[PDB]
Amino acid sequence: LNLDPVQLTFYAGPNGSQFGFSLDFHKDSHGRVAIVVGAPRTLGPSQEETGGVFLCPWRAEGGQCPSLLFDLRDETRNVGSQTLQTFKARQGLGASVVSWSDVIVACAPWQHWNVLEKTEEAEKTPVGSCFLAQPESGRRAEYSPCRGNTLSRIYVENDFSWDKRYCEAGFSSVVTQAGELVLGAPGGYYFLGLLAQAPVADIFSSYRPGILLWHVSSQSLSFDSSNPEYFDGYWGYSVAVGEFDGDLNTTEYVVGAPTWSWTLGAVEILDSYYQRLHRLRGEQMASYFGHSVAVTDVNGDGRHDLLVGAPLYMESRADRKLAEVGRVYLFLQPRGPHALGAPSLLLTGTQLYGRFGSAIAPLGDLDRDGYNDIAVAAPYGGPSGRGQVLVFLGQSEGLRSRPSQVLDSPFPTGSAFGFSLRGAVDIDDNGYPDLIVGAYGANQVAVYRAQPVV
């Protein structure tokens, strides 16, 4: 409703870097808000694509941003008569970024790993990896929970059980308020998907450069399964956190598995032990239900509600035709330990191939009326297919059915405007929460400032 579409701020990264692929707000220890931007195809020293991270201070004018440097060299360790290898070429550093406290976590889901032993090997695979930074102090750490030292032959003997070689950890990520890093790894367990969790403090206190393989005793990973419903489900394609069990001492995880059950799609809500509390099933095969998930209380009852995006949902048209437009589902959390039940509201895109629901961002209370609001991206929507972001306001019964505001992409065709969104943070400190929108196709980020309601 009251975002300002007239006076925007633009940040930019290098050509071809995909600057804006991921982003988040970051508070330094002095309470000053900045923007962390992932750019997964940024060139490294080797002249090859490795990815990179940028830390943009707030400036109405925008502009270029200081790099946030991470070690981009391949590592080799000859230990225990084995050879451990990391490969950072095309690792996609910055394919996801998240901030917690004074720490930034930037992930490289396609970082590769191998282990050689004489003529045998583990196989060169994308275990993925996460880089952690404390910008003010300069401290650095890494977290790569899916790395192993088991040889290929052993996996064959066990029918490829507990196979974490293709995890792509950091594909998605989120941090709990208590500082527990949670990584989605959709390739985990031979493409079932898995989650990996570890306190940020313990990652920092256990990490030493050069080791590559070390124990994090407090870490916790989800489990393999022999239920074919889960096969190739990409459980962990998206993740979020919230409160869904009535115990405020505990954080619950929301996990998207967009291809669960032969591409039906699913989203699950679990406790921090990965015990399932709810399962939401997709409505239509191949719609990618679970591509994106968002948690926020939209109807002002103090209970977190769930939003699920299915960007490839095909709406029924006249003459028994189907039109791919994308769809978003709202599930209101009931009072008590009851089941979420059917969707309370269905929001459906209008532009063919627009991919409405690709990203869903809590905005907090944008218009300051007592109900939290959301923004929904359609990266290829709008009358000209350049991309649109639609704002929906909360209300006592959930969300409004019609958007209060529509932001048209200020970039050229193919920018993927809205692929990434982040709201709910007041960056200019004017008392209204603001919205940042990534457009990696144009290597830029756009900031929309909220203003007093006209």
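Counting begins at 1, following the sequence as shown.
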> Mean C-alpha B-factor higher for 270-278, or for 340-348?
Replying inline: 340-348
> Got a sec? Mean C-alpha B-factor, which is higher, 312-320 or 192-200?
Replying inline: 312-320
>> Out of 92, 265, 80, 186, whose C-alpha atom has the biggest B factor in the entry?
In response: 80
> Whose C-alpha has the highest temperature factor in the PDB entry: 72, 366, 285, 361?
Replying inline: 72
> Comparing residue 419 with the other modelled residues of its chain, is its CA B-factor in the lowest, middle or highest third?
Replying inline: lowest
> Among the modelled residues of its chain, does the C-alpha B-factor of residue 33 lie in the lowest, middle or highest third?
Replying inline: highest
> In terms of the chain's CA B-factor thirds, is residue 116 lowest, middle or highest?
Replying inline: highest
> Comparing residue 235 with the other modelled residues of its chain, is its CA B-factor in the lowest, middle or highest third?
Replying inline: lowest
>> Quick check for you: using the entry's CA B-factors within this chain, is residue 136 in the lowest, middle or highest third?
In response: highest
